[PDB]
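Please read the structure below before turning to the comments.
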Amino acid sequence: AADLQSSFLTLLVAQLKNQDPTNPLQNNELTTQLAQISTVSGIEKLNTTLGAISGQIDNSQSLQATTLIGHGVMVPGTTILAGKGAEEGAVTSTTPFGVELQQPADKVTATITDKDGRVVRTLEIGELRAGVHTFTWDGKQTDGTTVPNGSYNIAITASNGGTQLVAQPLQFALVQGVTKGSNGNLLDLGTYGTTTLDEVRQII
Amino acid sequence: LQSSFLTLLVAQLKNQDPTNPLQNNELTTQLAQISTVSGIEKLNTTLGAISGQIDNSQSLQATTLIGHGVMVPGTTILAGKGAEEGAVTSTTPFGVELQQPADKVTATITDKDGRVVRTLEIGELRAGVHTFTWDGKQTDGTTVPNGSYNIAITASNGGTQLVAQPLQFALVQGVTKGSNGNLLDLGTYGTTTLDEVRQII
Amino acid sequence: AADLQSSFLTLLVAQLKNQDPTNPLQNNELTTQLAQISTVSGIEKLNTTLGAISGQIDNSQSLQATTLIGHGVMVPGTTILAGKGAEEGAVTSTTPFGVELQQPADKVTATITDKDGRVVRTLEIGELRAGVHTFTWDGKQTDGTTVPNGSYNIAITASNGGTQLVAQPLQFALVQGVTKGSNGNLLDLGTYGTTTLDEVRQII
Amino acid sequence: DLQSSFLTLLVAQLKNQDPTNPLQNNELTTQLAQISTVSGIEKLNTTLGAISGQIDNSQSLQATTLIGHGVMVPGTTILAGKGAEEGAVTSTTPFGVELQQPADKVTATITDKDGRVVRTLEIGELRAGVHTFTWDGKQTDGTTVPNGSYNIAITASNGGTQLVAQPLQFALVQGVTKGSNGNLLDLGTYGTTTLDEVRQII
Amino acid sequence: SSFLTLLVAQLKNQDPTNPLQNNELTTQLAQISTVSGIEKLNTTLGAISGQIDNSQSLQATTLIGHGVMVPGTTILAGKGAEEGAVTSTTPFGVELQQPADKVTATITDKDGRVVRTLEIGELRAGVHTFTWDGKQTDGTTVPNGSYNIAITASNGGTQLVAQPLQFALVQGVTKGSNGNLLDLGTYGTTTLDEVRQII
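Protein chains in written order, with UniProt numbering: chain F, 29 to 232; chain H, 32 to 232; chain C, 29 to 232; chain S, 31 to 232; chain E, 34 to 232.
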């Protein structure tokens, strides 16, 4: 508040000490300046108070992150876990993936690759709309064979009449805790690391 | 804006009349007015970040809704039978929003082939939202086969048709931050706006 | 609000095309530019903050639905539901009732009648202050035997200094849904209908 | 209609100058400098309406926030009882003390309904703030206390001078009541109290 | 009434040869109304900040029943009363501010005798949470009790100041001398900001 008020007070003493003695300034505008400075000082403290509200909302969001502890979220990343449960006959399931598109794309190709780099399958369902579209891969080879359990990565390329689009890959990431680090309060995803709450696009 | 208003202040200083110079009793007034617009710009952007954080908060805290089932706009109703012996046929509840109260409300339930299987009369429904649970039985009184059915709701008051929008129940699987955010991903149905979501059960 | 910056230019462009060379108008830029254009910018950008706060209100009104589902609130009414559990020997329990008092009363009496209307119980709760007080009927009639299962009417008469006070009867209501009316988020009590947050005297 | 109070005030004192030609032709734009003035308030005052709606949303969210837990509230009542199971160990509601000064000599004396002391608890040194302990439910001799209620008195002293002590007791939250002032934590036996007056939420 | 003593005192040196015009006086009053409205909003915003503080305090009650990561070297090991129960140890952690590649956790029993040595490895700057398997050096089941953990982090042959962390179950939320505090029971009373991680 006084950061500008002290600086704006030098403008009063500069106008009072530097007025033409022949044609001085009417005091009618003097109260306008003081009213205008109070307007400026009022806005300045409004921003300061509102930033504290933003920080408090961030802290409340970090606290609310404990509600879905033990579940998983889709955040910017490419790591994919494929596997099956201990019960016999479990189909090899692939952890859900997703694509975030700034603009809708009429041709989106999503190719999944294993740890060895071998292409396991490419998905051609059609267009994918703008926003976050998430899918749960069936965990099957290109010929229908169940994928080996392990790590996978998806490359998603979108085209608009031959012109590409920049997209954000997202992967299911189970959160095992909420850790207050150097920047803010992030979500520990375990293997995927720690991530803040603002990049969380979709949860499961 | 703050920069673009300084240039209009710099222009006057370097283009003021040489032998008839302008008065000096406005520089702090104009700057304070300039500093007013710059202050609001800092306010205006910060409000947007608050809106984004509120959107993210709405996206979160919805794991309870994901676990529960909600009713979404649509004409779909799912009917099924349990695998246990003597299981009672289950049917997804539906609803309708009425801007104005109506005296004659007709619910026509049809199979996926479009053939009318059930016709129901509800009666008087006041302005607001109404919920119903279909018995899973067609017109003849027999249990309908398990599957998806289309419901058309027509609400009229004194022979004048009113807006009646049938609702669909579906299970939630996730909450999506799409192009705008707060989408209710359910699986087969897709994503649903939280505001357009009717009720949570 | 946006017409200020467009009706300002039409008047301005007039004075620029109609200057008198002998008497050129230097008040085009004396105060007209920096003071009025910014004063327009003060109001035209207060449109957005009102719009931004309106959008934030629109987002916030859905947080009521985003929150948990009501497990039963305490609302005005006189209906009390009584019944017996499936297990043998279960003690009959009744839905709680209560009274809202504008001022404390030196006597508080409760009359419980069955569906037939005859008085089945008289209760002396005691002394209560100004506010909402909630209690639960034991399910016992005047003679102390088990009351028949069903619906009962509770009427609470409270007076201070021999003068009857405004005593509002209140009944329990189980919340079952989160409705959205033409006014905002509302709670659904099922049989009782829909209720508003403001009229909810207490939540159980 | 405030525009007409000045728009027609301008064009009732300008629709005469043009006849009589005291023309400046250049102050004429003061109409806009005044419309932006009346509108510049028309949006601040209406912003107060939106911010009040946000406040109302804040109370609505506070009301929706509901938890079934226990709290620590001023009082001297300590309950003791046994479960329906055979051989259950008597458990007592936790008590406590709020001290605005650190205390080194603190004694918790527990008396029964008869008034006699059943158990005396030696707490010891306590720092500034709220401390919450749990009574073991046993008398001085170590015997299990009878089921019922007891009065706790906590005496706190620092350097030989007795300090003012606030006895505390556990209370299960039973609801949130919307009174004439707002949300009150209806605790049942204890009654209703504000969130701030709760020493500790357990 | 700040801009009212100024306003009343302005009407004294009023100079009838050039007085307050109606435009200036109306503007001056309206400009005062601008200041009043902003200040009314400013006081209003503080109430919303308090409401947000209350809301986050209510949200923090979920921490009860969940354990925080707090500075300390104590790990509790215990075995369930049921038959065949495997002894389990409370999770611990490490807080670092410099990149480290060689981290050793020396776990000793209540008597101080080294019972386990663990090589964690490379850790980035921040809070890292780990769980002791409950097995001592020879692999046998450790007895139930308290264990002291010394965490030494080093990078390229020089040791880094490593802050050991430990599990502490949150027992309640206290309104202390400053505000919301986390009473962890055995560990005591702690605040929100120091919480390394919630489990």
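C-beta: ideal position from N, C-alpha, C; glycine also.
Item                                                                                                                                                                                         : Value
Determine, using beta carbons only, whether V101 of chain C and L217 of chain C come nearer to each other than 9 Å.                                                                          : yes
Leaving out five residues on either side along the sequence, give the residues of the same chain with a beta carbon under 7 Å from the beta carbon of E152 of chain C.                       : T137
Using three-state DSSP, classify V41 of chain E as helix, strand or coil.                                                                                                                    : helix
Taking all protein chains shown into account, do 16 or more other C-beta atoms lie within 10 angstroms of the C-beta of residue 7 of chain S, making it buried, or fewer, making it exposed? : Not covered by the structure: residue 7 of chain S. The range shown for chain S is 31 to 232.
Can you check the segment 95-183 of chain E for any beta strand (DSSP E) of at least 3 residues that lies completely inside it and give the ranges in chain order?                           : 100-104, 107-111, 125-129, 135-141, 147-152 and 159-163
Does any residue of chain S bring its CB to less than 9 Å from the CB of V41 of chain C?                                                                                                     : no
If I follow the unbroken alpha helix (DSSP H) through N213 of chain C, where does it start and stop?                                                                                         : Segment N213 to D216 is the beta strand (DSSP E) holding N213 of chain C; no alpha helix (DSSP H) there.
Kindly list, in the order they appear in chain C, the residues whose Cβ is closer than 7 Å to that of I65 of chain S.                                                                        : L32
Our contact map puts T94 of chain C next to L225 of chain H with C-beta atoms below 8 Å; I'd like the distance itself, whole angstroms only.                                                 : 7 Å
By how many angstroms is the C-alpha of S82 of chain F removed from the C-alpha of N75 of chain C?                                                                                           : 22 Å
Among S:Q64, S:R149, S:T173 and S:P124, whose alpha-carbon lies nearest the alpha-carbon of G105 of chain S?                                                                                 : S:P124
Looking at chain H, is there any beta carbon in it that lies within less than 9 Å of the beta carbon of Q54 of chain C?                                                                      : yes
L74 of chain S CB to nearest chain E CB: under 9 Å?                                                                                                                                          : yes
What in chain S is Cβ-close to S35 of chain C, meaning under 8 Å?                                                                                                                            : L62
Counting only beta-carbon separations shorter than 9 Å, does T222 of chain C have a partner in chain S?                                                                                      : no
Counting only the same chain and skipping the five closest in sequence on each side, list residues whose C-beta sits under 7 Å from that of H99 of chain C.                                  : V203
Taking one C-beta from the segment 165-185 of chain E and one from the segment 59-71 of chain E each time, how about it: are there three or more such pairs within less than 8 Å?            : no
Does the Cβ-Cβ distance between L198 of chain E and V147 of chain E come in under 9 Å?                                                                                                       : no
Could you please tell me which residues of the segment 70-98 of chain F, in chain order, have their CB closer than 8 Å to any CB of chain E?                                                 : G70, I71, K73, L74, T77, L78, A80, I81, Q84, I85, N87, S88, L91, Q92, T94, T95 and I97
Would you please state the rounded distance, in angstroms, between the beta carbons of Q230 of chain C and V206 of chain S? I believe it to be under 8 Å.                                    : 7 Å
Does the Cβ of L40 of chain C lie closer than 8 Å to at least one heavy atom of the ligand ADP?                                                                                              : As far as ligands go, the structure on display features none, and thus does not contain the ligand ADP.
Is the beta carbon of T107 of chain S less than 9 Å from the beta carbon of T139 of chain S?                                                                                                 : no
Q131 of chain C and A158 of chain C - do their beta-carbons sit closer together than 9 Å?                                                                                                    : yes
Check each candidate in F:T38, F:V194, F:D134 and F:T219 and name the one with the smallest Cα separation from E155 of chain F.                                                              : F:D134
Can you tell me whether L37 of chain E is buried or exposed, with buried defined as 16 or more other CB within 10 angstroms of its CB?                                                       : exposed
Assign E57 of chain S to buried or exposed, taking buried as 16 or more other Cβ atoms, counted over all protein chains shown, within 10 Å of its Cβ.                                        : exposed
Considering just the uninterrupted stretch of the beta strand (DSSP E) at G209 of chain H, what are its terminal residues?                                                                   : Run containing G209 of chain H: none; DSSP gives neither H nor E here.
Using the Cα positions of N51 of chain C and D48 of chain H, report the straight-line distance between them to the nearest angstrom.                                                         : 14 Å
DSSP state of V203 of chain S, grouped into three classes?                                                                                                                                   : coil
Starting from the beta carbon of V194 of chain C, find every residue of chain S whose beta carbon is closer than 8 Å, and list them in chain order.                                          : The premise fails here: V194 of chain C is roughly 13 Å from chain S at the closest Cβ pair, so nothing lies under 8 Å.
Could you name the residues of chain S that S210 of chain E contacts, counting a contact when the two beta carbons are closer than 7 Å?                                                      : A158 and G159
By DSSP, does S35 of chain C sit in helix, in strand, or in coil?                                                                                                                            : helix
What's the gap between the Cα of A201 of chain F and the Cα of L96 of chain C?                                                                                                               : 25 Å
So, does the CB of residue 6 of chain C fall closer than 9 Å to a CB anywhere in chain H?                                                                                                    : There is simply no residue 6 of chain C to check, as chain C begins at 29 and stops at 232 in what is shown.
Would you give the residue range spanned by the beta strand (DSSP E) that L193 of chain S belongs to?                                                                                        : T191 to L193
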